[PDB]
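Peer 1: based on what follows, work out the 3D shape:
(7 chains)
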Amino acid sequence: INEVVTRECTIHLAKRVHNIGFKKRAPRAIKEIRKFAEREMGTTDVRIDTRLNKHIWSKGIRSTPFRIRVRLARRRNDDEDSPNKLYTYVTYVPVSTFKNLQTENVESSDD
RNA sequence: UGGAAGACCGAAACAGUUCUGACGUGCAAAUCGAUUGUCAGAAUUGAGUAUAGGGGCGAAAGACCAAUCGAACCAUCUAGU
RNA sequence: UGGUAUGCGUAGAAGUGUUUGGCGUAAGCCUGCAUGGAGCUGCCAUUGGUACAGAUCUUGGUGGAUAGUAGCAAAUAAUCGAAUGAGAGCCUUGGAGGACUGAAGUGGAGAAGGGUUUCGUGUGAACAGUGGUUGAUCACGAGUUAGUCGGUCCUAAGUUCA
RNA sequence: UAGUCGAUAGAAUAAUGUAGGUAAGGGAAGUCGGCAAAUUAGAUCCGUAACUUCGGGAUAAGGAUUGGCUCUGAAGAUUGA
RNA sequence: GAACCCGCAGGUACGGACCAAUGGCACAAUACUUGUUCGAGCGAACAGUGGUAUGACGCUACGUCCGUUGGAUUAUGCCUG
RNA sequence: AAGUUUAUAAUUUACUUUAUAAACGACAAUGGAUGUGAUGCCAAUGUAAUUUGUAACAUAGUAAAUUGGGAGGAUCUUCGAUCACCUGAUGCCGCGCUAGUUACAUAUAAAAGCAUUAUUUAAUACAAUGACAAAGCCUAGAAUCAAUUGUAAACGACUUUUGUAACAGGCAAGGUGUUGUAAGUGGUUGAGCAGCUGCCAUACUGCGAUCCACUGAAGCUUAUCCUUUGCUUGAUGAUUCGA
RNA sequence: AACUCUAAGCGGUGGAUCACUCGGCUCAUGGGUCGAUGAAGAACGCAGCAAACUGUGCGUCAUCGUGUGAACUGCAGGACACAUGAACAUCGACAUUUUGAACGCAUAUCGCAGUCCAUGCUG
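Peer 2: Numbers count the residues shown, from 1 in each chain, chains lettered A, B, ... in the order given. Next comes the structure:
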């Protein structure tokens, strides 16, 4: 049951990050953004964009942005077929002031 | 004003005070941390070089002389008793 | 080992595994079966480097500890992630990204030392107490050009010796 | 800047550790012993003993003060009017 | 001169709980602050938790709360004999 | 001398209680059996590693079945959604009959064996268990792993979890905290300072810690906060177990 | 169940045991054969392919002469020159590096002279 719908989802990193050892704070942030992505889209195959890279990592490892605005896009696995016909594509939509945003159901496929 | 001193605090440097700490089948047949002595001179040190076994060298502990010193190491006497 | 059974023997010797059967109080013996491949044994005398469980024995091998318990922990230490491959956190690598040593350097040169270790290419097992396509590994090639820099020469401490 | 990011890693991040800290109130009662730890520390100013070989003791003791901004003064060089 | 059982309240020592208050710790939370870096600024990063003031979910103290009631019968006092 | 009882006279729920008379006077007895609801080894009138079958007489005298209702019982025990007892009703298979005495007939028995125990039985009876193909009745779980909670924890384990809803999870929102007034913008707030000065009042243009207003704000909020007709999303893996 | 124990079969692990051996060991026998005419030993470079062993020295895995008479051999260049010779032995003719007694002097230097003869260049 493929679905292949894209929505821009909400993650508060800070709680997950809380009391985890520094320097492992954002190797845990990336892993947890995958964990959230995997729970939402149901697809084990999580890909994280190179735009997503820089937005966690700008403010260097001790001060990971407490709340992050996520774009989660469930897409079809093309060539050399993974056992999971789906993959989720995770990118950051560049906002400095994420709070107050509830998740919205349309990103049109070919951005 | 000047800038003396085997002067003092303390780096590089050298050493190893106390924890009688870590380690102590370790990284290491002597290391590691903290702490600390000394640091312009009887200082620190490289290379070349001299001194060789019952000998040397010793700011002298019987310390050290190639992880070895109350007499090195190696072979032989020696399958010593 | 001398003699002997006109001994046995590649048609399977010796060796050896062996809930084969049996003998002897035992030391030990024979035989079957399987394996084997090139030589061997009984008896009478004859000689010994002659029989092993040990000697904090020797030498080689192997267990329990323990397919994992010590550990592989100091210098924070990664990480997104593109490429490739049999496999890729490192090691292959860009881009990116967190930092490190913090010019008294984990830098840039040389001596003392090293000895091909430098470098390209190939790149697998072993090695890198982890992986490892990569390396100071492993395989295959190349490279160190001087009248002026050192050695050379010179003397020192000191030495070789007519 | 140049060079690293290799010190096998991940998840958990238990006890006990190690290495680094903090702890009211009391404040060495602890212990062999203030060991370990803490206080103290730079600078400028003020003040400064016993004792003394008159050099020191001395950073004695005991006190004050230190940011930022905004002003002000002092401290030099050279020709010219 | 019975601090003597009935009766009453408190504490001690021991033990077990519990974190509300109060106190302790640091979220490397928030602020402030120094040194440096991001052109400055915001907001951060680095000083292996940078320091300092405050400091919650949470843990935990020195904090507080809770710790039963009979029989058998010893010692012993006794009946009847 | 502790004591088992009977009976008469009383007495009682209780071989209890009272008086009279006796009695097994820890005898020998008694302790196996009164098999004490008089078992067996009987039924079998030939009792048997065959079963007996069939006739009469008279005495004693036997019983086979079913259903309903009312009350009762259970201390480690072979079926507490079980087994009784009593009472009433229904009918009729007459299925059995036994003991005594007596009639009639017969298979086993003649198991060779003269040494019959030896290697030492099983038709049968009763009790349990089985299950090949098949047959006759009844009924349609969960556990554990993954994922999940934190009340739990080194790891297992413990405690929670998963119905398009009592949902569960990630947010945003709100409550609750914590710190202490953000950015940005405006103000001569502001000791002051530079630099240009008019045909006349004079000043302005920048700089300036900090203050004020927007701003009891901004940030942070529990992961081990509380809450949600708000948002979106999940709802789609593994193994094994029986009387 | 799993594991453990005990035994057995089979597979590993491991190289004992046996049988073999161009070697070792000991006794006996014959001979006397290093060197300034430059030794023994060392270093160095050498095979078509070699890195060693072994062989050799710049003529480098070997050359004359002599004997025999067709290989070497892993692959090959070769093989031809098998009748004048392979290849091995013999090895009496030569070569026999840099050294080392080691000899011009030295040697953490393959370093530095002198002399005679000789060559090229320049003249």
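
Peer 1: where's the longest helix that chain A contains relative to the chain centroid, distance-wise?
Peer 2: The single longest helix within chain A, with elements called by DSSP state H, is helix A:27-41. Between the centre of helix A:27-41 and the centre of its host chain there is 6 Å, according to CA atoms, centre = their mean, to the nearest Å.

Peer 1: same question, stretch A:53-66
Peer 2: 14 Å.

Peer 1: is it anywhere near RNA strand D?
Peer 2: No: in terms of CB under 7 Å from any atom of the strand, no part of stretch A:53-66 sits within range of RNA strand D; the closest distance is 12.5 Å. Every C-beta, even on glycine, is put in place using the N, C-alpha and C of the backbone.

Peer 1: buried sites along that stretch?
Peer 2: A:55-56, A:64-65 (16 or more other CB atoms under 10 Å).

Peer 1: that one near RNA strand E anywhere?
Peer 2: Yes: judged by CB under 7 Å from any atom of the strand, stretch A:53-66 comes into contact with RNA strand E through A:59-63, A:66.
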